[PDB]
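Asks: Everything below, folded, please.
(chains A and B, ligands or ions: 2)
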Amino acid sequence: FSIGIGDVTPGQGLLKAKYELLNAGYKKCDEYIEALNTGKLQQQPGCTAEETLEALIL
Amino acid sequence: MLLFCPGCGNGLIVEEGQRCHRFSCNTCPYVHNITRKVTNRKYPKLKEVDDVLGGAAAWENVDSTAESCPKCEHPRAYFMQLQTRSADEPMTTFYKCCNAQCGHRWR
Ligand SMILES: [Zn+2]
Ligand SMILES: [Zn+2]
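Replies: Numbering: from 1, shown residues only, chains lettered A, B, ... in the order given. Ligands and ions are numbered 1, 2, ... in the order given. The structure is reproduced below:
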């Protein structure tokens, strides 16, 4: 019963999906940053606008 | 507000004389008769109204011949203007539309 570097190496089906996920998430994060700084950002109830931005990015 | 003596530059206090109330120095003869209305406004910060207007508030600003909202092109929307900070701010305009199968928030 053994573990090697071939057991934590990522396949191709992960290296495509990770690239798509990072591009989608960074686009939505950039649109939230732009919606705070130079426009209207929909403030969540019970908090300031920057805390809304922190919650959306997390 | 702090006001200071042209002579010695100590701080003035308000007192009452035989004909007027006076600004008077405590350490030199200088006095200044208050002849006319003088004021000093603080203008403090009011409460946030963002969550106060959400959820079918008691708005009233709607009027006859009011404009339709630009998306739905129906007058089924309220609009209001409020100061967000103190009343020296120029009032901002905002509007929200609520119709069947249609929820949106606009500025
Ligand atoms: Zn003085
Ligand atoms: Zn509507």
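Asks: how long is stretch B:14-34 from one end to the other?
Replies: Using Cα to Cα, to the nearest Å, the end-to-end distance of stretch B:14-34 comes to 9 Å.
Asks: centre of the chain versus that stretch, how much separation?
Replies: Counting by Cα atoms, centre = their mean, to the nearest Å, stretch B:14-34 is centred 32 Å from the centre of its parent chain.
Asks: And it, what's buried?
Replies: Across stretch B:14-34, burial judged by 16 or more other Cβ atoms under 10 Å in any protein chain shown covers B:22, B:23, B:24, B:25, B:32. (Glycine included, C-beta is placed from N, CA and C.)
Asks: Of the residues you listed, which is the nearest to chain A?
Replies: Set against chain A, the nearest of the buried residues of stretch B:14-34 by Cβ to the nearest Cβ is residue B:23 (42.9 Å).
Asks: Could you list which residues are in contact with that closest one?
Replies: B:3, B:12, B:13, B:14, B:15, B:31, B:32, B:34 (Cβ atoms under 8 Å, 6 or more residues apart in numbering or on different chains).
Asks: filter the residues you listed down to the ones near chain A?
Replies: Of the residues in the contacts of residue B:23, proximity to chain A by Cβ under 8 Å from any Cβ of the partner chain holds for none.
Asks: okay, those residues in a markdown table with distance to residue A:50 next?
Replies: Output for those, formatted as a markdown table (distance: Cβ to Cβ, whole Å):
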| residue | distance to residue A:50 |
| --- | --- |
| B:3 | 40 |
| B:12 | 43 |
| B:13 | 45 |
| B:14 | 44 |
| B:15 | 49 |
| B:31 | 52 |
| B:32 | 48 |
| B:34 | 47 |
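Asks: Mark which of these are part of strands, please.
Replies: Among the contacts of residue B:23, the members found in strands (DSSP state E) are B:13, B:14, B:15, B:31, B:32.
Asks: So the closest residue in space to residue B:62 that isn't next to it in sequence, which state does it fall into?
Replies: Residue nearest to residue B:62 in three dimensions, not counting chain neighbours: residue B:78, with 6.0 Å by Cβ to Cβ, 6 or more residues apart in numbering or on different chains. Using DSSP: H, G, I helix; E, B strand; the rest coil, the structure places residue B:78 in strand.
Asks: Show me which residues of chain B sit near chain A.
Replies: So chain B meets chain A at B:50, B:51, B:54, B:105, B:107 (Cβ under 8 Å from any Cβ).
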